[PDB]
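Proteins get letters first, then strands, A, B, ... in listed order; numbering begins at 1 in each. As a basis for the values below, the full set of heavy atoms in this structure was taken, side chains included, without hydrogen atoms, waters or symmetry mates.
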Protein chains: 4
Amino acid sequence: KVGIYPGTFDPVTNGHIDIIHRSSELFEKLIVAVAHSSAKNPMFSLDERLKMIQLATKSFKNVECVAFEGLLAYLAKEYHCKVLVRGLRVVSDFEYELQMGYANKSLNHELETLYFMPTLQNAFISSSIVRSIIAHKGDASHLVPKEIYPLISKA
Amino acid sequence: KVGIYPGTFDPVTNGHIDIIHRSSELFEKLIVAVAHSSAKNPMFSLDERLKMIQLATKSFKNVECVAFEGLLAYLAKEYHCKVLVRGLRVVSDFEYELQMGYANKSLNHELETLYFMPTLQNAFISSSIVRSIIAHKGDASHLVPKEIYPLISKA
Amino acid sequence: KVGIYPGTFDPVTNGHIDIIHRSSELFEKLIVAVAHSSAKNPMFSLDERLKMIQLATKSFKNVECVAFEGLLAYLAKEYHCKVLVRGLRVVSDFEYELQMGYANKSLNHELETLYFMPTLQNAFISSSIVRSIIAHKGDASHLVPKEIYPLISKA
Amino acid sequence: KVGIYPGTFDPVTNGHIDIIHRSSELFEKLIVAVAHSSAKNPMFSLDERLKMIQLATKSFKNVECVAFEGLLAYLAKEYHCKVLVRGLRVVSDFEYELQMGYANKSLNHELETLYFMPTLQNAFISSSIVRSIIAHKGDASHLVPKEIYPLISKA
């Protein structure tokens, strides 16, 4: 297991370290990939950004930081890596995250949540949306597994 | 490695199957946890929802579906599980997802991205935010790893 | 100007009052439309929810609360209303919101921001995405106004 | 009524024009404010960006484009403007947007939705969250209008 966490890291922040900390728990090796990002006109040089994130990550023993110019998917290929890591710039899922907090000190503890972004097709599918279609005797056949469609709709 | 994907699954949809497909690739065992959700007044009974998602997942050999009443964090404890799986109901990160698509058929291929939701503190931290503070000679000491602060700020 | 803020309001919360407060500043009349939502199996009756939100909004003189069964777009038609109001369940735009906060007590003050959700086509368009396409000598003709395309691309 | 839509517009895109089109319908005058954004190292000069967005907006008769260096809140003050316009870079609210689409050609038609970002406090408040607290005999007094608290909780 290799995971890759790519970014510009101009400079590395506590948010980045948090994601590195959390994701490095999941792979045998986490590669932190520092993109040149010449187009972004970064404040700090590629060498400085690499060295800084190296300095800030040396406590994570299974983390290796590497600089690259571009072609992230080919960098992934070189590492035999099929899994990338990204931080969200959106906060959502508030009720769930509230329940997780409570757990994370008095109940179970230290539970991580991994988020999966829906495919474009699937973003417009939810159980609620399907139930509404069912209620209005509409066609939900394109929205649910074929194994269950006969059990929830007819004629 | 055990991961848990909890939900009401009233009924299971193609979005759920996609998340089960993608997340089951990551754990030795994926537990799909079907919550009673009495409060939501579900359309289908707990037994029906469990049986339907079982029927729709029987092709994923490392997936086991289980019904539960509540106390998700304690269900996680029972499985020695420290990692939960969730689907986002937001689509974001469009430029990144556009680049991943291109890769995913002509470049590398089939790369997954795992998303990490920022802590409340960290949502208000970005490299751009830090650079702006630096430029206005402000205090960024609470926003970046202590290992790098002396390299990006002074006096 | 009539605006409509629809919801189930089961029960009305401080979040709802905040949105009513902010949006009522924008219309000659704000109609708060309380949906029956029989499908959601609400905790409080439609009558109770209407009366509660009425009680909680009576200080906003240009707000009128009305119960309805469904067909929101036709309710809008009845009011000659072409503008609906909704609260986001996502927090995003953190750098911008940080700058707005600072302003909102020491600079200008009390500035509201109205957010517009992009069309499905347009979510995958940004200036950054366009610049990247330009750089790789790609086709951006479908992404920018025709008035400017000749000024940013050729051959 | 003056509204301000600020941005870098490097270059103006169809997404920007859509937001200008939709928001200009709402104010007596919409000011499109083109920020220098020297820090972003823009591809096109400030003069070019202003002239391009002017060219692309000349059909919107109540739109005026103006260049500025910074201090957006003070630019708002100069215009007696208390309302800013922004496009979301997140797509959410899928069930609602699906219902709006259907309406927008066979039902009512051309209904706009204005989105309001919740305050930090209020993001963690929803009716569902309040109902859950009620059910567990918890304290919801900080989450709902004081006018209704006695009606939903006691002792």
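Side-chain contact between D:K29 and D:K1 is absent, with no heavy atoms from C-beta onward closer than 4.5 Å. Looking at heavy atoms from C-beta onward, B:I152 lies in side-chain contact with A:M52 at the 4.5 angstrom threshold. Residues D:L111 and D:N104 have side chains in contact (heavy-atom distance under 4.5 Å, counting atoms from C-beta outward). Contact of the C:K82 side chain with the D:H109 side chain is registered, since non-hydrogen atoms from C-beta on lie closer than 4.5 Å. Inter-residue side-chain proximity for C:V144 and C:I125 is flagged as unmet; no heavy-atom pair is nearer than 4.5 Å. Inter-residue side-chain proximity for A:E48 and A:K51 is flagged as unmet; no heavy-atom pair is nearer than 4.5 Å. When side chains are defined from C-beta on, C:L72 counts as touching C:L84, because their heavy atoms get closer than 4.5 Å. By the 4.5 Å heavy-atom criterion applied to side chains, D:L114 and C:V83 are counted as neighbours.
Counting only residues at least two apart or in different chains, ring-ring contact (aromatic ring centres under 6.0 Å, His included) contacts with residues 29-73 of chain D comprise D:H21-D:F60. Counting only residues at least two apart or on different chains, the salt bridge (charged side-chain N to carboxylate O under 4.0 Å, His left out) pairs with a member in residues 131-151 of chain C are C:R131-D:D10. Residue pairs meeting the salt bridge (charged side-chain N to carboxylate O under 4.0 Å, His left out) criterion with at least one partner in residues 111-127 of chain C, sequence neighbours excluded, are C:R22-C:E112.
The shortest heavy-atom contact between C:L151 and D:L55 is CD1-CD2, 4.4 Å. When every heavy atom of A:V90 is checked against every heavy atom of C:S92, the shortest pair comes out as CG1-CB, 3.9 Å. Summarising the geometry of D:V12 relative to C:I148, their closest heavy-atom pair is O-CD1, 3.5 Å, with the distance given to 0.1 Å. In this structure, D:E69 and D:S38 approach most closely via the heavy-atom pair OE2-OG, 4.2 Å. Listed here is the closest heavy atom pair of C:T113 and C:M100: OG1-CG, 4.5 Å. Of all heavy-atom pairs between C:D93 and D:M117, the closest is CB-CE, 4.3 Å.
Considering CD1 of D:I20 and SG of D:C65, their distance stands at 6.0 Å, rounded to 0.5 Å. Separation of atoms CZ (C:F124) and CD (B:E95) is listed at 11.5 Å; rounding is to 0.5 Å. With rounding to the nearest 0.5 Å, the separation of CD1 in D:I19 from OG1 in D:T13 is 7.5 Å. Here the CG-NE2 distance, from D:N14 to C:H142, works out to 9.5 Å after rounding to the nearest 0.5 Å. To the nearest 0.5 Å, atoms OH (B:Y115) and CG (A:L88) are separated by 7.0 Å. Note that the CD1 atom of C:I133 and the CG atom of B:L98 stand 7.0 Å from one another [nearest 0.5 Å].
A distance-only check finds a donor-acceptor pair linking the side chain of D:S127 to the backbone of C:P11 [under 3.5 Å]. Under a 3.5 Å cut-off, the side chain of A:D18 and the backbone N or O of B:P118 do not form any donor-acceptor pair. Between the side chain of B:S132 and the backbone N or O of B:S128 there is no donor-acceptor pair closer than 3.5 Å. Of the possible donor and acceptor atoms, one in the side chain of D:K61 sits under 3.5 Å from a partner among the backbone N and O of D:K58. Using modelled atom types, one side-chain atom of D:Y149 and one backbone atom of D:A140 make a donor-acceptor pair closer than 3.5 Å.
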Practice item. Under the side-chain contact (heavy atoms from CB on, under 4.5 Å) rule, what do A:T8 and A:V34 come out as? Steps first, then yes or no, please. Key: CA-CA 5 Å; A:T8 296; A:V34 186; over 6 Å; no
Check your understanding: Where do A:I53 and A:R49 land on the side-chain contact (heavy atoms from CB on, under 4.5 Å) test, with the steps shown first?
Key -> CA-CA 6 Å; A:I53 195 155; A:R49 286 179 284 123; over 6 Å; no
Point to revise | C:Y102 and C:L107: CA distance, side-chain angles, deciding distance, side-chain contact (heavy atoms from CB on, under 4.5 Å) verdict | key: CA-CA 7 Å; C:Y102 296 143; C:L107 278 53; 5.7 Å; no
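Applying the side-chain contact (heavy atoms from CB on, under 4.5 Å) rule to D:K77 yields the partners C:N108, D:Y74; only residues at least two apart in sequence or on another chain are considered. A search for ring pair (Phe, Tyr, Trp, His ring centres under 6.0 Å) contacts involving D:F27 returns nothing, not counting sequence neighbours. By the side-chain contact (heavy atoms from CB on, under 4.5 Å) test, C:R89 pairs with A:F94, D:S126, sequence neighbours left out.
Taking the six-membered ring where the residue is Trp, D:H16 and D:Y5 present tilted rings, their angle falling between 30° and 60°.
Residue D:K40 qualifies as open at atom NZ: its count of foreign heavy atoms under 6.0 Å is 12 or below.
Remark: D:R86 is positioned above the aromatic ring of C:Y96, its terminal NZ or CZ atom under 6.0 angstrom from the ring centre and at most 45 degrees off the axis.
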